[PDB]
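# Report on the structure
Below are the chains, spelled out letter by letter.
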Amino acid sequence: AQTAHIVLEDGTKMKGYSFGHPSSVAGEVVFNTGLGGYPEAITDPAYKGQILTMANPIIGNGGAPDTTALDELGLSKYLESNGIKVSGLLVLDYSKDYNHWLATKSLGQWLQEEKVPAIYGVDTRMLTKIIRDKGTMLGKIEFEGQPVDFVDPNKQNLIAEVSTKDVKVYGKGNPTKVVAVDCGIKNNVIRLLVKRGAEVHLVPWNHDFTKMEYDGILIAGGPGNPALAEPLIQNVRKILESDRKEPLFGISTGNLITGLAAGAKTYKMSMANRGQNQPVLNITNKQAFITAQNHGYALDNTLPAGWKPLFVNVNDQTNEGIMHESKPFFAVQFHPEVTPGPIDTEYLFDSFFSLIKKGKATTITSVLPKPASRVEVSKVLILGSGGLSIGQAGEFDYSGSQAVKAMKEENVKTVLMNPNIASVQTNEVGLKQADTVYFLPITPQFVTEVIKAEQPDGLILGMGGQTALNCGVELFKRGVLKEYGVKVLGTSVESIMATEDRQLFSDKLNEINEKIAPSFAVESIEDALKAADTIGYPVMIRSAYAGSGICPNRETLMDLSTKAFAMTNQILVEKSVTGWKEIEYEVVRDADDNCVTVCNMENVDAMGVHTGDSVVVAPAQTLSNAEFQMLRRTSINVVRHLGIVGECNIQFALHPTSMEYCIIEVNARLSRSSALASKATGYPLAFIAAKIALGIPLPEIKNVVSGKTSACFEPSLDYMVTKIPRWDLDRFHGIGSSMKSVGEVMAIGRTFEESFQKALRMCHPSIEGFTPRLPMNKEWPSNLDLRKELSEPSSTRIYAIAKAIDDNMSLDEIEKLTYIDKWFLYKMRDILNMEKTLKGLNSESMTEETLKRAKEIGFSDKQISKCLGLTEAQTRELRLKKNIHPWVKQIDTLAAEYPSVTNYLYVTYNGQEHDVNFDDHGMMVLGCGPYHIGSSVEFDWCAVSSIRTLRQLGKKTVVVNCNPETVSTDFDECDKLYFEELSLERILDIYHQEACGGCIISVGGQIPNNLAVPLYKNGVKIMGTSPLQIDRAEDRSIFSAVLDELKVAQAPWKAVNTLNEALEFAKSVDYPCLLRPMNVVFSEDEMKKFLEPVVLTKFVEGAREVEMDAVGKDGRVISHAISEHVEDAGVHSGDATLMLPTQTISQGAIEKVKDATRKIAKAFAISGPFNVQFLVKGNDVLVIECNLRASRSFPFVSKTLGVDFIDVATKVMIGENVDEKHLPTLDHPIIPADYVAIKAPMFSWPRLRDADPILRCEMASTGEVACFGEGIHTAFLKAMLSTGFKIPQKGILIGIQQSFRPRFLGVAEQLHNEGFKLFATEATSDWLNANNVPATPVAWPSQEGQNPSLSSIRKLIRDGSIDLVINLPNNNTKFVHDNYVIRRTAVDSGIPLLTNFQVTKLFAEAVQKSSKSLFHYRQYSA
Ligand SMILES: COc1ccc(C(=O)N2C[C@@H](C)N(C(=O)c3ccc(OC)cc3F)[C@H](C)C2)c(F)c1
Ligand SMILES: [Zn+2]
């Protein structure tokens, strides 16, 4: 492994690993922020004599193309010149292994062949920061024993060096004779001239062309001081002073020469323009363009008489082109031929030929477009996060808050609609608080009523997810918007509808020679064959539910769809693009037609499912410049053609071994995709799109991160990002295919391997990284069908991939079975080989170089610890002994071209400096990690509040979180945001690097609070309630003993190790019982199959359950709120609907809850938030459990009581005083008298589960809806409306257990008496009818087809007969899959589903009692 130093003339050294030719070379060190097209880039004649620092950290993914191949024009087929032009190459990471269809060899092999030196392993960002604003930074790549001095190659005539020595002819025989003056021309200049009918005579830089016959002249170049080419400047002068009026087109060096030849001056830029994201402005008509540039010399803006500036630089105000006021002479300083770079300025070549074809001294202005208008708005309605749709059900989207922010800045009055009263969106108090907020459902009735009342003239319907969109679309289509005179701001509804309907899209896109491949939903075999026939084979059939799924010909489609129609009514026929590269683009377009790509994402792995899961990386890694720029160009034409004014998302499928692509879809509303893109790049889409909808153009909006630059640009990422979904599963397995993606993680690295391993760890705390060793120490089965495990969906898929590599299955086979591009599989194999290396080493034999490298590819100290036989603490010690630590970098949007001084931060081992100072010494606030079941959006409310409490008292903050769906991860609302792991390791690194004053672990759910003790032992000041007490409060055995000592009752329990131990307890307290590794037991057999140390709690039936949410100070309760669950106490608990204040709890029970709490608070010395759960039966109060942290009910409680508990808690924790007089202390509570509050989940759905001692249908739930009402019954009906449901009125499906009949009959009659028609299955229906309760028989979904007297439930729900299902736990194992299906039908149809008898009762009573009655602008909130 040979090594070398890059040394700079300022003293700086960095050691690196040679992958080039192993020899020294000296030169000018430059940087370039263009991410793509390194093979094209390093053949740019412009780099002659220059050592190129690549901004992109991952170089060599595509190998090298065929470097000997010529086109029929005799130019290099794939390069921009005859060979490599850089003197040397500096990169962070070099891909040894490569994967492109055009690749013929490694980039290392190509560089050695060309005699060019290249070192990897150096900090290209530190270099950039050093080179930036320093005129000419000289340096050398030096190998030991090969010294070389510093030399400036720019003091010799580099134009001469790269210029053709003799005249060459290209496109011999064409009609239009173009003399091209070679000052370092790029091949694409030649290629684009010839394509437009030119015969191109390429002449030496000092050739005498003043007398040649020609139709047009072109001067194109790259390297060197334009001043040293004096002979050429003279020859141009002589043209200009002659009467020749043949069109003259200068590119880059052309601009410099042409300018010098007319009497202008050139300077060496102290800050050069080298990038693919360089913004220019056409002075003459105020149009903006994104350009590739590569020059460190510029033309002074004091031009001489006759000449005017044409293009100017938007970032730095330097000259970017010039024009003759009369004659057809012009120049651009940028490269319109790009290659690499954006294909946005090619029209300048058309312009050129037009100036030949006119030939009457026409001007440059004459053959382009000409000058042009914005909406006046006084009050905008913003539809916020809504309910669920009959399709894309399950989205959070609190980006309206950024929209509100945008509006306020333009003095636009704002009205926000969000039905959740405890929403993080409406928990803002500054520029992001709306002027007026309505807590109403997002439906046409309610938005119409808000319109009548508020009389807005603006609407934003594209920043509240799908439900909001459909609502404002519908409102447009009833003329409601036109009637009250409300504009749609941004993309129009016509445009939006064309994106939302597939057929309409397929038409609009056919208007510009773009094709979709229409998907067809079909109910028969012959219509499947018809659809297939229209699409063209191969094709994909997808069932609604659930090999995958593919038909190359009509034979197969029939066989497969025939199977499919024997289990369902409808299938979807689509074009098969499976195994193609999925790439997406985020695009922005303003009302002045400026258009920019902000981010791009490559799906790594779809995980064997459909959805919008997808392991994703940004930027894309495996595309060539050609492939990237084609798709970009296509995005921009589609987006222009749709008239997008705002953000768009456009997903492509790209054939993996060709340039064939197709457009999968377009979303002209904000999405998951667009949120990821904002956090990945630093570019605030939602905020910018809001400004755009007022009609403000991008160059007039500020780049919030940079400060100095505009939002009219394309970000440049000097890191890579990885995003992994968090699924709703909770166990690690190898069958089911309708899992929902309930959350996601994002991780930032400067190698793929670092990013990827962090992403893995963020996903779930018991995922160590990428290994073949399964979590929980489980072992691989010996019946293991490894091909299967790689093709079917599973929750240990990544482990299986790891195993397949480790078991020497080829990567080609893995690529074929997973569809994961082999480039990703190479990097994954590199991780597994490091682990093998490590396993053979120990604390002594392991070298600094091996450890450094392991950390640089994402190994945790824990992973290393398992290999070396150390513990984690010992491994950390070992590492710090060697001074191996990570580095704090900024995301700055521009790859360090301009410095950011906002603090959006990440931590990487691939660096040599930090990018910030550590003088703040602020208060750390740990975030919650990815949303999952149990842990939803409420802990984001808690974050915003705690952070705010610290901000408002002037305390410097440090925020840490890795959930990209969180409002709290906003660099504008804390001082330092680290977008980072919430592991012990990474939090120790940040806490100690910063020297944080303390750390708050209380306000982020379970992840940060489990770190209490480990943090405590590793030197962290944990604010509030001591981690020693947290350990005590959450050791069952210790907490139970404290409770006997305090004389506070609890249900008896016992940890057991044996079956006879278990059975003897259950006996001793009567059945039934509970379980853990929460599971139920009624009889001896469940117990029998689980451990093959289990905790056994006595179950109390018919019990109420109570949350006590509180704040302690020095052990005294200083705020509290008691809330009652609707549902009887049971295993379901963290998805219980809550009622505040209590409804059916004896007064003595309350006093006992209060007293128990006072005691618990004192026993554990609580100073901070905390929660306690209780069983209450009559007057018996039993404590269930105590969590020494904020609960999910904290926002609810706070917004109900008019007191921010998290704010009270934060103050207590930092020692700020808090006046107790108006807080809800135990002696003076706050009980609402005129209103009740309900907290319910936003979305709920069935899961078929899983361990299978019994097949069990469960409900799962996420999100929050919370409402006030006069009493609980109206609040519950408002909740129902607020989750997007219609209040039931026609009919009710009744599914109950046979044994539950006596207890249900009352409710059933009650429901029939309110005018509901009852449906049930035949046994139930009969029995209801038998008791004089009318009911219609229906059929179990299994038995559909076998009894035509009985209507199917799907028909009665399509009908509209059934608009509420009641489906209570049915332990009968025969009908479990049926009850799963009934539930599933209800949820996907969008009719309300009730699964608990108390919720059922609460509904029945509610309809008896009783949609614009219940809200009717009535007032609340104390
Ligand atoms: C190529 O990148 C990949 C592909 C698959 C996976 C993968 O196998 N999973 C599987 C699994 C760990 N996962 C989960 O959300 C998940 C997390 C925890 C859990 O049990 C507590 C179950 C899960 F499904 C994700 C879907 C990711 C991955 F982590 C990375
Ligand atoms: Zn420039």
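Residues numbered from 1 in each chain as written, not as in the entry; some residues may be left out. Chains lettered and ligands numbered in written order. Heavy atoms only, no water.

X-ray crystallography is the method the PDB entry states for this structure, with the resolution given as 2.6200 Å.

The condition is simple: UniProt positions are given in the numbering used here, feature names are shortened, and annotations may be inferred rather than shown by experiment.
The name given to the protein in the PDB entry is Carbamoyl-phosphate synthase [ammonia], mitochondrial, and the organism recorded there is Homo sapiens. Word for word, the UniProt comment on the protein under Function is "Involved in the urea cycle of ureotelic animals where the enzyme plays an important role in removing excess ammonia from the cell." As recorded by UniProt, the Catalytic activity comment attached to the protein reads in full: "hydrogencarbonate + NH4(+) + 2 ATP = carbamoyl phosphate + 2 ADP + phosphate + 2 H(+)".

### Remarks on the overall build of the protein
How we decide: Strands are runs of DSSP state E lasting at least two residues, helices are runs of H or I lasting at least four, and both sets are numbered from the N terminus onward. For a compact globule the rule gives 2.2 Å times the number of residues to the power 0.38, and the radius of gyration it is set against comes from C-alpha atoms. Burial status follows relative accessibility: with a 1.4 Å probe on protein chains alone, a residue under 20% of its type maximum counts as buried, one over 50% as exposed, and anything between as partly exposed. Here the open area of atoms and residues is found with the Shrake-Rupley method and a 1.4 Å probe, where only the protein chains shown may cover a residue. For this count, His and the chain ends are skipped, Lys and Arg are scored as positive, and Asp and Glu as negative. By convention, the point assigned to a charge is CZ for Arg, NZ for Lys, CD for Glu and CG for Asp.
Across its full length, the protein holds 44 helices and 61 strands. Over its C-alpha trace the protein gives a radius of gyration of 34 Å, about what one expects of a compact globule, namely 35 Å for 1422 residues. When the backbone C-alpha atoms are referred to their principal axes, the protein occupies close to 110 × 70 × 65 Å. Relative to its 1422 residues, the protein shows a buried fraction of 63%. Just so you have it, the protein exposes about 53300 Å², and 49% of that area is on carbon and sulfur atoms. Averaging the positions of the 147 positive and the 169 negative side-chain charges in the protein gives two centres separated by 1 Å.

### Some words on helix 5 (residues 187-195)
To keep it simple, the criterion reads: Whether two residues are in contact is decided by their heavy atoms, any of which lying within 4.5 Å being enough.
For helix 5, the buried fraction is high: eight of the nine residues fall into the buried class. Considered for burial, the residues of helix 5 that qualify are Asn187, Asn188, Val189, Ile190, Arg191, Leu192, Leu193 and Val194. Residues of helix 5 that are buried make contact with strand 10 (168-170), strand 11 (176-183), strand 12 (198-203), strand 13 (216-221), strand 14 (248-252) and helix 8 (347-358).

### What to know about the sheet that holds strand 27 (residues 539-543)
Within a beta sheet, neighbouring strands are joined by backbone hydrogen bonds and run either parallel or antiparallel to one another. Defined as follows: Strands pair, by our definition, only if DSSP identifies at least two bridges between them. Here, axes are lines fitted to C-alpha atoms. For helices the fit covers the stretch in contact, and angles between N-to-C directions go from 0 to 180 degrees.
Sheet architecture is open: four strands sit in the order 26-29-27-28, paired in antiparallel fashion. Since the sheet does not close on itself, it has two edges, and those belong to strand 26 (520-522) and strand 28 (550-551), each with one partner. With five bridges connecting them, strand 27 and strand 29 (residues 571-575) associate as antiparallel partners. Counterpart to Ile541 in the pairing with strand 29 is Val573. Helix-sheet contacts for helix 15 (residues 525-535) involve strand 26, strand 27 and strand 29, and the interaxial angle to strand 29 is about 15 degrees.

### Section: the pairing of strand 12
Of all six residues that make up strand 12, six are buried, and the element is covered over most of its length. In strand 12, alternate side chains face the same way, and those of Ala198, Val200 and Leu202 on one face and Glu199, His201 and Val203 on the other are all buried. Bridging between strand 10 and strand 12 involves three bridges; their strand directions are antiparallel. If you follow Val169 over to strand 12, its bridge partner there is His201.

### Considerations on the environment of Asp1031
Mapping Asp1031 onto the fold places it in helix 32 (residues 1027-1033). Look at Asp1031 and you get partly exposed, because its relative accessible area is 48%. C-alpha separation for the pair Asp1031 and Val916, spaced 115 residues apart in sequence, amounts to 35 Å.

### What to know about the site of ligand 1
Stated precisely, the cut-off is as follows: Nearness here has a simple test: a residue counts as near a molecule or strand if at least one of its heavy atoms is within 4 Å of that partner. What qualifies as a polar contact is a pair of N or O atoms within 3.5 Å, subject to a donor-acceptor requirement within protein and to the restriction that residues adjacent in sequence count only when both atoms come from side chains. Amino acids are sorted into nonpolar (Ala, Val, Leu, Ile, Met, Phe, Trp, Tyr, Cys and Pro), charged (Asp, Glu, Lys and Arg) and polar (every other residue, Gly among them).
Within the structure, ligand 1 sits among 20 residues, and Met607, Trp727, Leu760, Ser795 and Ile798 are positioned closest to it. A distance of 2.8 Å is found between an oxygen atom of ligand 1 and a backbone nitrogen or oxygen belonging to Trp727. At 3.4 Å, a backbone N or O of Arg797 approaches an oxygen atom of ligand 1. For ligand 1, the protein covers 99% of the area, taking 620 Å² as the surface of the free molecule. Elements with a minimum of two residues in the shell around ligand 1: strand 35 (720-727), helix 20 (752-763) and helix 22 (797-806). When residues in the shell around ligand 1 are grouped by element, the largest group, four residues, is from strand 35. For the shell around ligand 1, a count of residues per class yields 13 nonpolar, two polar and five charged.

### A few points about the packing of helix 28 (residues 938-952) against helix 38 (residues 1205-1214)
Let me state the cut-off plainly: Each angle receives one of four descriptions, namely roughly parallel if under 35 degrees, roughly antiparallel if over 145, roughly perpendicular if within 65 to 115, and oblique otherwise. When the near helix sits turned anticlockwise from the far one by under a right angle, the crossing is termed left-handed; a clockwise turn instead gives a right-handed crossing.
Look at helix 28 against helix 38: their axes get within 9 Å of each other, and the N-to-C directions meet at 50 degrees. When the axes of helix 28 and helix 38 are compared, the pair comes out oblique. Helix 38 is crossed by helix 28, and the crossing has right-handed handedness. The residues of helix 38 that touch helix 28, namely those facing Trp941, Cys942, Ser945, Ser946, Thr949 and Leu950, are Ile1206, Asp1207, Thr1210, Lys1211 and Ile1214. Across the contact of helix 28 with helix 38, the residue classes break down as five nonpolar, four polar and two charged.

### Some details on the coordination of the zinc ion (ligand 2)
Selection rule: Distances decide who is a donor: an N, O or S atom must be within 2.8 Å of the metal, or within 3.2 Å for Na, K and Ca. Water is not included, so sites may look incomplete.
Taken together, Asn273 (OD1), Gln293 (OE1), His295 (NE2), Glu320 (OE) and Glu320 (OE) make up the protein donors of the zinc ion (ligand 2), found 1.8 to 2.6 Å from the metal. Mapped onto the polypeptide sequence, the residues donating to the zinc ion (ligand 2) form the spacing pattern N-x19-Q-x1-H-x24-E. Here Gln293 lies in strand 16 (residues 287-299) and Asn273 lies in strand 15 (residues 266-282), a separation of 20 residues in the sequence. On the basis of relative accessible area, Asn273 is assigned to the buried category, the value being 1%. Note on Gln293: relative accessible area 2%, which makes it buried.

### Section: the side chain of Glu584
Mapping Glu584 onto the fold places it in strand 30 (residues 581-589). A polar side-chain atom of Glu584 sits 2.4 Å from a polar atom in the side chain of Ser673. With near-sequence residues (within four places) excluded, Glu584 lies in contact with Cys599, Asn600, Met601, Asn603, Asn649, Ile650, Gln651 and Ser673.

### Comments concerning the packing of aromatic side chains
The criterion, for reference: Here is the rule: rings of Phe, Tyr and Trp (six-membered ring for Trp) pair when centre to centre is within 6.5 Å. Planes less than 30 degrees apart are stacked, more than 60 are edge-to-face, and the remainder are tilted. Geometrically, a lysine NZ or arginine CZ counts as sitting over a ring once it is within 6 Å of the ring centre and also within 35 degrees of the ring normal.
Counted by the stated rule, this structure contains 36 aromatic pairs. When the ring of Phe352 is compared with that of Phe353, the centres are 5.6 Å apart and the planes differ by 85 degrees; the resulting orientation is edge-to-face. Considered together, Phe352 and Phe353 belong to a single accessibility category, that of buried residues. Ring geometry for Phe732 and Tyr799: centres 6.5 Å apart, planes at 65 degrees, overall edge-to-face. Among the aromatic residues, those joined into a cluster by ring pairs are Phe249, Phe330, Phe349, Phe352 and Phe353. The residue whose ring lies beneath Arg1384 is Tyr545, and the NZ or CZ to ring-centre distance is 3.4 Å.

### Details of the domain arrangement of the protein
Defined as follows: These domain boundaries are the output of an automatic or database domain assignment. Buried area is calculated as the accessible area (1.4 Å probe) missing from two parts once they are joined, with the contributions of both summed. Just to be clear on terms, a salt bridge is a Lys or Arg side-chain nitrogen sitting within 4 Å of an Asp or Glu carboxyl oxygen.
On domain assignment, one finds that the protein holds domain 1 (720-882) and domain 2 (1243-1410). Each of domain 1 and domain 2 has a C-alpha centre, and these two points are 44 Å apart. If you look at the interface, domain 1 gives eight residues, while domain 2 gives seven residues. Counting the surface lost from both domain 1 and domain 2, the interface buries some 600 Å², and carbon and sulfur atoms represent 36% of this. For the pair domain 1 and domain 2, the interface holds three salt bridges. The salt bridge partner of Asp1250 is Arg731, with a shortest N-O separation of 4.0 Å. Taken together, the residues of the side of domain 1 that touches domain 2 break down into two nonpolar, two polar and four charged.

### Some words on the sheet that holds strand 41 (residues 976-979)
Read across the sheet, six strands follow the order 37-38-41-40-39-42 without closing on themselves; strand pairing throughout is mixed. Looking at which strands have only one partner, the edges of the open sheet turn out to be strand 37 (887-890) and strand 42 (998-1000). Going from strand to strand, the sheet's axes swing by 30 degrees on average, the running direction of each strand aside. As judged from the three bridges shared by strand 39 (residues 923-926) and strand 42, these two strands associate in the parallel manner. Residue pairing in the sheet places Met924 in a bridge with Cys999 of strand 42. Helix-sheet contacts for helix 28 involve strand 39, strand 40 (957-961) and strand 42, and the interaxial angle to strand 40 is about 165 degrees.

### So, the nonpolar core
Rule in force here: What makes a nonpolar core is a set of buried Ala, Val, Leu, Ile, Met, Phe, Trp, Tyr and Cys residues whose side-chain atoms join them at distances within 4.5 Å.
By size, the foremost hydrophobic cluster in this structure holds 165 residues, and its most contacted members are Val588, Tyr683, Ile688, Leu698, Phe770, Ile801 and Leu838. The greatest single-element share of this core, amounting to nine residues, is contributed by helix 24 (residues 822-839). Those residues in contact with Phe770, other than ones at most four positions away along the chain, are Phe756, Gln757, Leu760, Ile798, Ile801, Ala802, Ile805, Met828, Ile831, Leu832, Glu835 and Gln863. Among the nonpolar cores identified, the runner-up in size contains 88 residues, and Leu475, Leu481, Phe1304 and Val1399 belong to it.

### With respect to the pattern of salt bridges
Summed over all chains, the structure comprises 82 salt bridges. Across the pair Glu980 and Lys758 runs a salt bridge whose closest N-O atoms are separated by 2.8 Å. Here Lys758 lies in helix 20 and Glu980 lies in the loop between strand 41 and helix 29 (984-994), a separation of 222 residues in the sequence. As far as the burial class goes, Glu980 and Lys758 line up, both buried. For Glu994, the salt bridge identified is with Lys976, shortest N-O distance 2.9 Å. Here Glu994, found in helix 29, pairs with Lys976, found in strand 41; they are 18 residues apart in sequence, far enough to count as distant. We note that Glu994, like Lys976, is buried. Salt bridges sharing partners connect three or more residues here, namely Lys758, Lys855, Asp861, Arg876, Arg879, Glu980, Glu985, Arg986 and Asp989.

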